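Below is one structure, written out as structure tokens, with a few remarks after it.
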Amino acid sequence: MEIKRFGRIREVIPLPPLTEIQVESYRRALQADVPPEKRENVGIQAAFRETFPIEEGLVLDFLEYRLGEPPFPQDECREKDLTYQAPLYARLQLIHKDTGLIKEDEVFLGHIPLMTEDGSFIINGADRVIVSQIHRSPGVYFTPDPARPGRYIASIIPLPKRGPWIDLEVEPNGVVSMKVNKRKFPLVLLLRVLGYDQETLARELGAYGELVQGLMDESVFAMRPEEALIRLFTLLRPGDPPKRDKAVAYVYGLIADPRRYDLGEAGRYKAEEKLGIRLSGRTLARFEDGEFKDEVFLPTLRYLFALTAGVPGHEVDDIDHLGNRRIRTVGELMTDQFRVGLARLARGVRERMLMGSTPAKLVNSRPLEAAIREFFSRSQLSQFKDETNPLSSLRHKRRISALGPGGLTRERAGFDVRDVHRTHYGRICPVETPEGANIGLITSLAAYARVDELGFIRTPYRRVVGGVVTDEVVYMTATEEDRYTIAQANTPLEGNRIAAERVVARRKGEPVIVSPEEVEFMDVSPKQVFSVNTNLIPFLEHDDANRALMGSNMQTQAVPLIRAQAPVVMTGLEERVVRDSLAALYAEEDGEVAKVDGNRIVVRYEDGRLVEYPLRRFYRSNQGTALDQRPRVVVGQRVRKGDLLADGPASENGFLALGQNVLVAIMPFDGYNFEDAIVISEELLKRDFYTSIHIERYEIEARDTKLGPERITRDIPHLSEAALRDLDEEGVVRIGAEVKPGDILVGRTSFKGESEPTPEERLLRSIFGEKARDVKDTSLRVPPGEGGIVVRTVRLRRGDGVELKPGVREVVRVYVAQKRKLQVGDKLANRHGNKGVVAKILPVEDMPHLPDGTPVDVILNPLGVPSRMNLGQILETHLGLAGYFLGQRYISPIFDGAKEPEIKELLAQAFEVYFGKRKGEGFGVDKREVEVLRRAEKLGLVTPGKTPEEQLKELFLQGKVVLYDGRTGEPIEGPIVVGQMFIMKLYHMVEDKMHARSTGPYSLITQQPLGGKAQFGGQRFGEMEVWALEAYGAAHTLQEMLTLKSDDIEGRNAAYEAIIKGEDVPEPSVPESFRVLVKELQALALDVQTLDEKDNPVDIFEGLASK
Amino acid sequence: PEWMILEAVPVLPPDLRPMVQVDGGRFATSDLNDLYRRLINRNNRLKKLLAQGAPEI
DNA sequence: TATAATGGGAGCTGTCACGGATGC
DNA sequence: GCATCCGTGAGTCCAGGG
Ligand SMILES: [Mg+2]
Ligand SMILES: [Mg+2]
């Protein structure tokens, strides 16, 4: 159908590759495509260069590394719970210094996980994303002392875990202290160790008045560098022998050892720019020709004194400016764990260099392998990939965390780090962030933003030269952005000339009205201010930010539907999102389609080559939503490069399809849409709208026991033929069977634990004369509330290219699919932050309906709009009404979209279609329509004196219609807003959440019910629930909660028995967790005694613990 | 007052610091067992070192 | 069971109010 | 005694866990 698009801003550049922050970062770290001799000293190469050589004699040196091919492809890794990875080899050579002997070998170091095409990892079968971290950049900072108003703290900050934080301060007594590892000593001492004389310090610092006097200490200048160095080593290491070579080694490792101190390239560049100096390397001092040489300390002190005095060109630093906060991407995070593993490996090497009589013999790879594994599994930036829908994955790869190793601790993060700083503009989305306690600490990269080689976020601007806007675009950091006057992207242009006398611009974030002459740059697009998710909200300019945040976040949670549709009002970013997230197959070059299947597409390209594309069909995502690709071409069709070959999940002809377009009425409805509840039509179920496919995975193991082996079998003791009906010969449920709660998926038997039968059992056996069998039923059954159709079984048994962990003989996995129809308690939402649970599904004859008999689909309450202030959803609905009757869709770009007049034109055309149809078919205006027009006239909505048709048209241009109540045939007494709205079904389905328990498993130590639906758990009756019962005086209810219902063992047994006998519950006794508390206090050497009123002990342990 | 110094250290009953085989036969145990084992090894080595009259250091 | 071997490594960073403990 | 310099324990609810 026809797509009409609005707006006058033409985007000079498209969005960059939206996952490049992942892909390019990791490619940089591995340098796998680069011939070894051409590699830069970065990434894992730089890790190797820091570790090696390994000395002390023997020497083990690094030549080069190599990455081989992955032993298993990606799908096989998902299927067999493998890690997708490449073997790492290193060429090393051992030289004995005195012999001259040289032994060389390529040693195998383990495996390194590989990034897949879309930017994610496959760690032990599960997809994972390494989330980028934001931190304070290394460098040299100057900050107000929060105590002393006219004094300043200087802070030297290296890369994380690459040196200590050093602070310089001007003490109230006037001496300039240095703090490192929490040790306040006079800086003069270190200056002396560096080789500075009072002459050089006088001539270099005296300009700043009396400050330099607090630096002059004669007892220090009276000592040569060696005596000062030993003095520092004493006041830094109390009790350590002040050995000369040990003091040199310590201070060198603290200030000058590049293998231990590292400002990084960013900290280097910023320290140089700030202090106006040049650095040889990346450390604070060097060791040259037997002595220490200063690099940073004197320039830092120079600046600190100049700032304290007041001399111009010296300012304090804004630590939240995005020129001072940088992004650690996956490549850097991984390289750091690699560097730690390599350091442990080198310690093992030196260890074996002492004890021994080859490179391989010297190298134990295990620590390295351990560190990488530890990074990729148990890190806080290593996250289970969200692939609910394909936008979810794309968005996940662009997230930014201020938490993680080397970052902030929540519950402590103040208001400053969580703020949106002025410099976030075009760099970090200002709306998309969590609503809980993590608010402001997790964020999203802006659509046009790019992380530069140093890790600062850059945004693009177009160059303006004398009022002419060029096509030169320049990516800037926030420091560079601050130099210029930058115009807003909606500045009116005639061709390339700014066609306005007054121009809205920014100077250092500050809004300012400016002449064209003064304009230096101009924004590329409103799009650059917001995340990808926020860029998908039409009419964003009419939505309060708080609800825009919710619409942003909830697009992530949309379930892919079997009949998904793209929105009738789009922003124009839907195709690019489908493309960048690999949610579709596209033609590689021009060609012709040779074969088309549910399973595969074969295309003949211009080269004559015949390329085959297998289609992924009903695959299970990390979240159980269905990944399947559907072909969208036919045999013989001519395709150009980039044309769509197949739709993935949430894709409709290559457009992002996160839900359905439904016909909506905005009106109250009998309490059923009270407080954000939502009423829907049964029609939606009838035509499988909001139907989704979900796939669950169940797993069972058969292991060797000391009591005999577990067996996966059909021969299960005491089960009928009905219970085994759908079990295969080997005891595994067959493909296509319908399984319900209780049904067996995998039969399994286990040998019984050695037990003498209770005398009652002995007698019951004699009465029936039946030998108790030797194995018991331990089968895998469908848990409560689950089930569906069996669609796959995998069977890995030992003795078969298959080897499992020690003692397991076989693993069986069963895949079960369900088609989930929308039901009461499921969550729906729109892109403007309107969200609600379905409270009522009405039959079609109860639905409000148009005069032509068309019922609406969903009924949203008007009380949800005024206090939420998200009017974009109203405009969307108005335009949806137009589109409904014109058979068209719209692209309305954010801040550059459809305006009310154009929507009114379209509603006039749509009215002609909606009403002239009637006037032709031989009908006039209804009596009920006349009653509603009478009311509308009193409401001020229609002009008195016009004809029925003209007034109906006025209403229609306000987006309102006469609506009939399906229960009565009488009209709603005012005209109602009706139109098409895009609504998604979110991944919060009551099918997954409903859970109840009578009794069930209890905890080992506390004897309290376990938690969790999978453990058949109980609900927590926490401290505050207890307070509520206390405040009602509900003493017995509360005593039940604390005893008979939790960890009163005899109480719970006796209450179950009394109920099944129809008696009343007995009186509770002591909870077990109080017994546990008494025993744990006895272990602390405390005697805790329950007494009676006569102060005589009472034994709560019933003699069982007294000798 | 002297009861604030320990001579006999109490040992918690073993079901409050269990050693349990989970599904799969693999074993899980409380940290307290390792803290006790450290204490017991150090005490036993002290009793032996006293028996051999080891130097004061 | 015997050549001789004699003092270790790791740090690590954006909170806050409050009770008690050290310097003036 | 009078301030300063320290340690220390604390931060809503649920869910699942990869
Ligand atoms: Mg949240
Ligand atoms: Mg959370």
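Residue numbers begin at 1 in each chain, while the letters A, B, ... track the order of the sequences. Quick note: numbers below take in every heavy atom, side chains included, and nothing from hydrogens, waters or symmetry partners.
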Geometric cation-pi criterion A/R697 and A/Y619, 6.0 Å radius, 45° cone: no
- request: List the protein contact pattern of nucleotides 9-21 of chain C with one symbol per nucleotide (5' to 3'): B for base contact, S for sugar-phosphate-only contact, - for none; contact means a heavy-atom distance under 4.0 Å.
  value: BBBBBBB------
- prompt: Taking only residues two or more places apart in sequence or in another chain, which ones pass ring pair (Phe, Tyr, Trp, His ring centres under 6.0 Å) with A/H995?
  reply: A/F1016
- line: Whole-Å distance, A/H988 NE2 to D/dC14 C1', equals 13 Å
message: Taking the sign of the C1'-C2'-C3'-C4' torsion, positive for north and negative for south, which way does the sugar of D/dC6 pucker?
response: north
Protein-nucleotides 3-5 of chain C N/O pairs under 3.5 Å:
none

- prompt: Within this structure, what is the CD-to-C1' distance between A/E171 and D/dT4, rounded to whole angstrom?
  reply: 13 Å
field: Qualifying salt bridge (charged side-chain N to carboxylate O under 4.0 Å, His left out) pairs with a residue from residues 251-264 of chain A, counting only residues at least two apart or across chains
entry: A/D262-A/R282
task: Using the torsion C1'-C2'-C3'-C4', state whether the ribose or deoxyribose of C/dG11 falls on the north (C3'-endo) or south (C2'-endo) side.
output: south
Stack flag C/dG8/C/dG9 (5.5 Å, 30°): yes
message: Among residues at least two apart in sequence or on other chains, which ones pass ring pair (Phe, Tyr, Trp, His ring centres under 6.0 Å) with A/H421?
response: A/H321
task: In whole angstrom, give me the gap between the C1' atoms of D/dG11 and C/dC16.
output: 10 Å
task: For A/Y250, enumerate each residue passing the ring pair (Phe, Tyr, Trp, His ring centres under 6.0 Å) test, keeping only those at least two apart in sequence or located in another chain.
output: A/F233
- request: Could you measure between the two P atoms, the one in D/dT8 and the one in C/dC12, and give it in whole Å?
  value: 16 Å
task: Could I get the full list of side-chain hydrogen bond (donor to acceptor under 3.5 Å, both in side chains) partners for A/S692, not counting sequence neighbours?
output: A/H694, A/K985
message: Once ring pair (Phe, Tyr, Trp, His ring centres under 6.0 Å) is applied, what residue pairs with a partner in residues 122-141 of chain A remain, sequence neighbours excluded?
response: none
Between N or O atoms, less than 3.5 Å apart, protein on one side and nucleotides 15-18 of chain D on the other: list the pairs.
unit_1, atom_1, unit_2, atom_2, d
D/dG16, OP1, A/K1013, N, 2.7

message: Quick check on D/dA15: from the sign of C1'-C2'-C3'-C4', north or south pucker?
response: north
query: Going through the distances and angles, do A/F1021 and A/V1026 end up as a side-chain contact (heavy atoms from CB on, under 4.5 Å)?
result: CA-CA 7 Å; A/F1021 205 75; A/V1026 174; 4.0 Å; yes
message: So, using ring pair (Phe, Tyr, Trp, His ring centres under 6.0 Å) as the criterion, who are the partners of A/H111 when residues are at least two apart?
response: A/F108
- prompt: Under the salt bridge (charged side-chain N to carboxylate O under 4.0 Å, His left out) rule, what pairs show up with a residue in residues 372-385 of chain A, not counting sequence neighbours?
  reply: A/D118-A/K385, A/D127-A/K385, A/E374-A/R378, A/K385-A/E387
field: Residue pairs involving residues 408-420 of chain A (criterion side-chain hydrogen bond (donor to acceptor under 3.5 Å, both in side chains); sequence neighbours excluded)
entry: none
